[PDB]
Amino acid sequence: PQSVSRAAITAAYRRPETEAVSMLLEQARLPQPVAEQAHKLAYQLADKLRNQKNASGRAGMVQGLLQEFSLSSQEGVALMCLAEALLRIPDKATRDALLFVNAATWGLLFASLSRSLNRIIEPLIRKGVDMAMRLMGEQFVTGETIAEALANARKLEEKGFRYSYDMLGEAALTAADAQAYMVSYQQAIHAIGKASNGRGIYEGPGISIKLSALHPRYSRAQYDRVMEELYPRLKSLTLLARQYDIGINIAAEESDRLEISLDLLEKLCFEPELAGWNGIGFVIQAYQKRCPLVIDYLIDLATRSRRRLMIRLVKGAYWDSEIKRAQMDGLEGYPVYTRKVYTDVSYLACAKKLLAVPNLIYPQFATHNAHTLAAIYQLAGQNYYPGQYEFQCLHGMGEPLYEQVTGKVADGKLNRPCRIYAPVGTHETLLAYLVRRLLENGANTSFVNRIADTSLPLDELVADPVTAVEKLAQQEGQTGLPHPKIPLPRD
Ligand SMILES: Cc1cc2nc3c(=O)[nH]c(=O)nc-3n(C[C@H](O)[C@H](O)[C@H](O)COP(=O)(O)OP(=O)(O)OC[C@H]3O[C@@H](n4cnc5c(N)ncnc54)[C@H](O)[C@@H]3O)c2cc1C
Ligand SMILES: O=C(O)[C@@H]1CCCO1
């Protein structure tokens, strides 16, 4: 039989969405004054983001000339090209007297393409995929080796940023692959630990590890072999992190691995060599219905094992695959929400739960969403101290938002720390991570995609998720209905 908290997790696995969302709503609701402050801050963060290099203000003036003379796009553009040519006349007197969407962006590296594609064509296609992967993935990778990544840390660390490094690579298929990942992780801990040089788990850099890298065919692995084989590896790495006093974070992956990951964490927290050390980190995904129940479990685990757990709250990286897997298994429901706004509500409710127990949990709020960030900033309350919480972001996505956050108040920043997640590796380790970033950046529901859509007003972009849910409820007839285009698997 399971403990009370473990049993509650299991029972919530595929809770009906009407139920799960209805339950979260009042825990996610910000009191009116807090809601108002969160809105104003979110608005201001998002405004600066958009209007970097005057993107919006330039977009204005354009529309005016593109009307005050009655013209279309190509009309205005043509008029600019001439104006530019006229502006290149040195002397004023002389002047006065006179599938293939991002094909454009792809061209700067260099309907008729459709024929070229049909023509030019599998070893080609496989080669095309590999190079496109590298080209797009570059912006998300901090270095090829941990040494290169680390030798790059000073610039942002001196501004108050922190790092968590990820030696890319996951889902080991063979015993040999898992062993190689083990060696890579170990190597990385030695390097990060030496660089950290005693700065500790808060100020100093840490590492993020995927359990799927450390065990062959983890996706279908049984408890008995995971404990016999994976656990000693997890323990070994964590002991080494502890010797260097750096944080070590256990990544959250597919939802059917949540249970085994909790079993591993439970065992890890009771190792004698880790007594009194608070550097163990664990990620939880707010897009899961189980998330708040996992928090209750974690709170009890911190108490029983006598430590402060580092808990990274994220929304989640595997949503597309989760929906697909659930539709294939034909079960009673989904282990994740089907509307993005419900994940947002879940994240806010879970953030409140984490912030309530600062003796037991150090919350690490991973997000690139300006509203989510502003809400957490307000929910954390008055009298911030550095060890209360931190924000986190992915390299290549979070820096512009967080340049308004980490740093001095005198320089116009919020003075809250952000830990940058820093992937390290060569092209052979990049694929899976890059695909997830493509899904994240390309989704019409994602904040980073919406903020780039200048037709979407700021107020809509940073709209309160709880209010959004209640708006849906008033229109649709009940709270927390599933996405209209995502029926239950058995339907
Ligand atoms: C530093 C860092 C570490 C992370 N570590 C992990 C990890 O170990 N494991 C992991 O799984 N994730 C992890 N993530 C999260 C993941 O990689 C995405 O970055 C994150 O979910 C984006 O959230 P947001 O607040 O930035 O963006 P938003 O645009 O606010 O939120 C986007 C998220 O909404 C969710 N979503 C999208 N569509 C729907 C829908 N129709 N219904 C319900 N939910 C939906 C997805 O989770 C999506 O990522 C991490 C993120 C960061 C910044
Ligand atoms: O691998 C991923 O896509 C997420 C983001 C960082 C770690 O887990």
# chains A, B, ... in the order shown; residues from 1 in each chain; ligands from 1
call {"tool": "residues_near_ligand", "arguments": {"ligand": "ligand 2", "cutoff": "9 Å", "atoms": "only C-alpha atoms and all ligand atoms", "output": "count of residues only"}}
result
26
call {"tool": "select_by_dssp", "arguments": {"residues": "segment 171-304 of chain A", "states": "helix (DSSP H, G or I)", "output": "short mmCIF file (atom, residue, chain, number, x, y, z; two decimals) with C-alpha atoms, in the first residue's frame"}}
result
data_model
loop_
_atom_site.label_atom_id
_atom_site.label_comp_id
_atom_site.auth_asym_id
_atom_site.auth_seq_id
_atom_site.Cartn_x
_atom_site.Cartn_y
_atom_site.Cartn_z
CA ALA A 175 23.97 -0.36 -22.22
CA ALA A 176 26.92 1.30 -23.95
CA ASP A 177 25.03 4.56 -24.57
CA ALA A 178 23.87 4.82 -20.95
CA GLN A 179 27.42 4.26 -19.69
CA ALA A 180 28.68 6.98 -22.04
CA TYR A 181 26.05 9.39 -20.72
CA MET A 182 27.11 8.48 -17.17
CA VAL A 183 30.73 9.32 -18.02
CA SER A 184 29.68 12.60 -19.64
CA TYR A 185 27.60 13.65 -16.60
CA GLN A 186 30.44 12.72 -14.18
CA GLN A 187 32.97 14.65 -16.23
CA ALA A 188 30.62 17.64 -16.25
CA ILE A 189 30.14 17.60 -12.46
CA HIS A 190 33.93 17.66 -11.92
CA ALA A 191 34.26 20.66 -14.27
CA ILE A 192 31.25 22.62 -12.97
CA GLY A 193 32.30 21.87 -9.39
CA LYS A 194 35.82 23.17 -9.94
CA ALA A 195 34.45 26.28 -11.65
CA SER A 196 31.92 26.79 -8.84
CA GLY A 200 27.50 26.79 -3.22
CA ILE A 201 24.16 25.56 -4.47
CA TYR A 202 22.47 28.96 -4.71
CA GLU A 203 25.01 31.40 -6.20
CA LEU A 211 17.22 9.71 -15.87
CA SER A 212 16.48 8.39 -19.38
CA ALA A 213 20.14 8.94 -20.26
CA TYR A 218 14.14 3.68 -19.69
CA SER A 219 10.80 4.26 -21.43
CA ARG A 220 9.74 0.65 -20.66
CA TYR A 223 11.08 -0.98 -11.12
CA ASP A 224 13.39 -3.85 -10.14
CA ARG A 225 16.06 -3.16 -12.76
CA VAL A 226 15.85 0.63 -12.40
CA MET A 227 16.60 0.31 -8.68
CA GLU A 228 19.37 -2.22 -9.24
CA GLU A 229 21.06 -0.33 -12.08
CA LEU A 230 19.88 3.27 -12.46
CA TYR A 231 19.76 4.17 -8.77
CA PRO A 232 23.43 3.48 -7.98
CA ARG A 233 24.27 5.80 -10.87
CA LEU A 234 21.94 8.53 -9.64
CA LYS A 235 23.41 8.15 -6.13
CA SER A 236 27.01 8.31 -7.39
CA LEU A 237 26.45 11.51 -9.38
CA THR A 238 24.58 13.14 -6.47
CA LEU A 239 27.37 12.28 -4.02
CA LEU A 240 29.87 13.93 -6.36
CA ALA A 241 27.69 17.04 -6.73
CA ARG A 242 27.56 17.12 -2.93
CA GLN A 243 31.36 16.93 -2.63
CA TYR A 244 31.61 20.04 -4.82
CA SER A 255 4.42 11.36 -17.76
CA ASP A 256 4.55 7.56 -17.46
CA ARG A 257 8.00 7.92 -15.84
CA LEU A 258 6.83 10.23 -13.04
CA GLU A 259 6.13 7.37 -10.63
CA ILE A 260 9.51 5.68 -10.99
CA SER A 261 11.26 9.06 -10.69
CA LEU A 262 9.54 9.60 -7.31
CA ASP A 263 10.69 6.18 -6.11
CA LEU A 264 14.27 7.10 -7.07
CA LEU A 265 14.02 10.51 -5.35
CA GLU A 266 12.54 8.98 -2.18
CA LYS A 267 15.49 6.60 -1.86
CA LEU A 268 18.05 9.28 -2.72
CA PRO A 272 23.42 9.07 4.95
CA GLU A 273 26.13 10.78 2.87
CA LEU A 274 23.54 13.39 1.81
CA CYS A 291 1.34 18.30 -10.19
CA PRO A 292 -0.30 19.73 -7.03
CA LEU A 293 -0.46 16.23 -5.54
CA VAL A 294 3.24 15.74 -6.27
CA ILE A 295 3.87 18.96 -4.35
CA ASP A 296 2.08 17.59 -1.26
CA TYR A 297 4.29 14.51 -1.55
CA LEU A 298 7.46 16.62 -1.90
CA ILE A 299 6.58 18.76 1.10
CA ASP A 300 6.20 15.63 3.24
CA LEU A 301 9.44 14.19 1.81
CA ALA A 302 11.42 17.31 2.71
CA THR A 303 10.06 17.06 6.24
CA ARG A 304 10.76 13.35 6.66
#
call {"tool": "residues_around", "arguments": {"residues": "residue 290 of chain A", "least_positions_apart": "6", "cutoff": "7 Å", "atoms": "only C-alpha atoms", "output": "number ranges by chain"}}
result
A: 9, 12-13
call {"tool": "closest_residue", "arguments": {"among": "A:336, A:275, A:405, A:462", "to": "ligand 1", "atoms": "only C-alpha atoms and all ligand atoms"}}
result
A:336
call {"tool": "closest_residue", "arguments": {"among": "A:488, A:136, A:111, A:310", "to": "residue 333 of chain A", "atoms": "only C-alpha atoms"}}
result
A:488
call {"tool": "atom_distance", "arguments": {"atom1": "atom CA of residue 10 of chain A", "atom2": "atom 23 (O, counted along the ligand's line) of ligand 1"}}
result
24.6 Å
